[PDB]
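Asker: Below is a structure I'd like to ask you about.
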Ligand SMILES: CC(C)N1C[C@@H](O)c2ccccc2S1(=O)=O
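Numbering (our numbering), first residue to last: 2 to 285.
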């Protein structure tokens with residue numbers, strides 16, 4: 002069923018809450034035993050958001066390999082994503098260790114450091130060129146190279162140095178700065194413009210490790226970003242673009258991380274973004 006007609010049918014019937022609960026009911030349940038070990042309590046932002054054991058990213062160290070981060074591998078689309086929480090004061094070094102080890106080219110940030118008057122993640126990148134950051138626990142140096150501030154988003158060029166080997170890489174930081182404190186954006190136009198800037202950078206391409214994507218918990222806004230990207234890529238690849246089922250794609254992605262898409266409004270917004278984005282994919 003053409004999703005645009007499915008959309009109008011759910012809207013006219015006001016059944017978004019019903020569709021969303023059906024997804025919650027059918028979603029995978031896999032163990033998260035490593036996340037719940039007492040040694041890892043200060044590595045988790047939220048007690049109820051944990052990576053599954055089967056898909057969790059492992060840090061390359063014998064001491065403690067744990068980070069709250071999941072590998073989402075989309076086999077038919079040929080895209081992979083790492084979805085992670087906003088870094089905590091004691092996990093900023095782990096965060097950049099993961100970027101280095103997984104060979105990512107991009108970091109996508111969908112939250113502000115402060116929202117609703119509370120801290121949603123650590124200030125984990127440098128704000129001035131001449132004040133670099135050193136992460137003593139993981140032996141990394143991070144320098145701000147340049148910053149491009151736009152109306153809806155900011156792009157930063159960062160230099161990450163492995164102080165152990167003196168190798169350096171360029172990391173691109175894509176910061177969507179206008180998601181409202183409550184609800185979802187009224188139009189998906191600025192979110193789609195942002196998604197197309199990440200794509201144009203090379204950050205999502207198979208020559209690089211997987212993009213790192215985060216919000217505060219790494220399931221809600223973060224889920225919306227990867228769901229919209231994968232659905233549009235499948236509509237490009239297939240003979241029949243109308244065969245793309247957004248609900249089935251979301252349940253596939255929920256095999257790899259719990260709770261992706263946090264509200265019925267986020268589900269409706271994901272449909273809107275894919276429907277409006279397809280009017281480019283199909284030749285406009
Ligand atoms: C081997 C080539 C294709 N690269 C892939 C990846 O390892 C990476 C990650 C961050 C910055 C640069 C690079 S890369 O251009 O050296």
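The beta carbon of each residue, even a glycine, is placed where N, CA and C say it ideally should be.
Since residue 69 and residue 48 should fall inside the 8 Å C-beta cutoff, what is the C-beta to C-beta distance between them, to a whole number of angstroms?
Answerer: Taking the first residue of the chain shown as position 1, residue 69 is located at position 68. Taking the first residue of the chain shown as position 1, residue 48 is located at position 47. The Cβ separation is near 11 Å, so there is no contact.
Asker: Taking 7 Å as the cut-off, is the C-beta of residue 80 nearer than that to any heavy atom in ligand 1?
Answerer: Taking the chain shown and counting its residues from 1, the one referred to as residue 80 is at position 79. Not under cutoff, so the answer is no.
Asker: Quick one: is the Cβ of residue 286 within less than 7 Å of any heavy atom of ligand 1?
Answerer: With the chain covering only 2 through 285, there is no way to say anything about residue 286.
Asker: Looking at residue 160 and ligand 1, is the gap between the Cβ and the nearest heavy atom below 7 Å?
Answerer: Counting from one through the chain shown, the residue named residue 160 turns up at place 159. For ligand 1, not one heavy atom lies less than 7 Å from the Cβ of residue 160.
Asker: Going by DSSP in three states, residue 70 sits in which element: helix, strand or coil?
Answerer: Start at 1 with the first residue of the chain shown, and residue 70 comes out as number 69. If DSSP states are grouped into helix, strand and coil, residue 70 belongs with the strands.
Asker: Could you please give the first and the last residue of the uninterrupted beta strand (DSSP E) stretch that includes residue 155?
Answerer: Position 154 of the chain shown, counted from the start, is the residue given in the question as residue 155. Taken as a continuous stretch (DSSP letters only), the beta strand (DSSP E) holding residue 155 covers 154 to 163.
Asker: What residue range does the alpha helix (DSSP H) around residue 185 cover?
Answerer: If you number the chain shown from 1, residue 185 lands on position 184. First-last for residue 185: undefined, no H or E at that position.
Asker: Residue 84: which of 261, 31, 277, 18 sits nearest, CA to CA?
Answerer: By one-based count along the chain shown, residue 84 stands at place 83. When only C-alpha atoms are compared, the closest one is 261.
Asker: Are the beta-carbon atoms of residue 232 and residue 254 separated by less than 8 Å?
Answerer: Counting from 1 along the chain shown, the entry for residue 232 is found at position 231. Counting from 1 along the chain shown, the entry for residue 254 is found at position 253. Taking 8 Å as the Cβ cut-off, residue 232 and residue 254 do not qualify as a contacting pair.
Asker: From this set, 249, 280, 229, 264, which residue's C-alpha is nearest residue 82's C-alpha?
Answerer: In the chain shown, counting from the first residue as 1, residue 82 sits at position 81. Comparing Cα positions, the closest option is 229.
Asker: Would the beta-carbon of residue 20 fall within 8 Å of that of residue 268?
Answerer: Locating residue 20 in the chain shown gives position 19, counting from the first residue. Locating residue 268 in the chain shown gives position 267, counting from the first residue. Yes, these two residues count as a Cβ contact at 8 Å.
Asker: In terms of residues, what are the limits of the beta strand (DSSP E) holding residue 210?
Answerer: Position 209 of the chain shown, counted from the first residue, corresponds to residue 210. Looking at the DSSP string, residue 210 is not in any beta strand (DSSP E), and its letter there is neither H nor E.
Asker: Return yes when at least one heavy atom of ligand 1 lies under 7 Å from the C-beta of residue 172, else no.
Answerer: Reading the chain shown from its first residue, position 171 is the one you call residue 172. Flag set: Cβ of residue 172 near ligand 1.
Asker: Say yes only if the C-beta of residue 210 is nearer than 7 Å to one or more non-hydrogen atoms of ligand 3, and no if none qualify.
Answerer: For ligand 3, the structure offers nothing, since it holds only ligand 1.
Asker: Tell me whether the beta-carbon of residue 210 lies closer than 8 Å to the beta-carbon of residue 103.
Answerer: The sequence position of residue 210 within the chain shown is 209, counting from 1. The sequence position of residue 103 within the chain shown is 102, counting from 1. A contact, by the Cβ cut-off of 8 Å.
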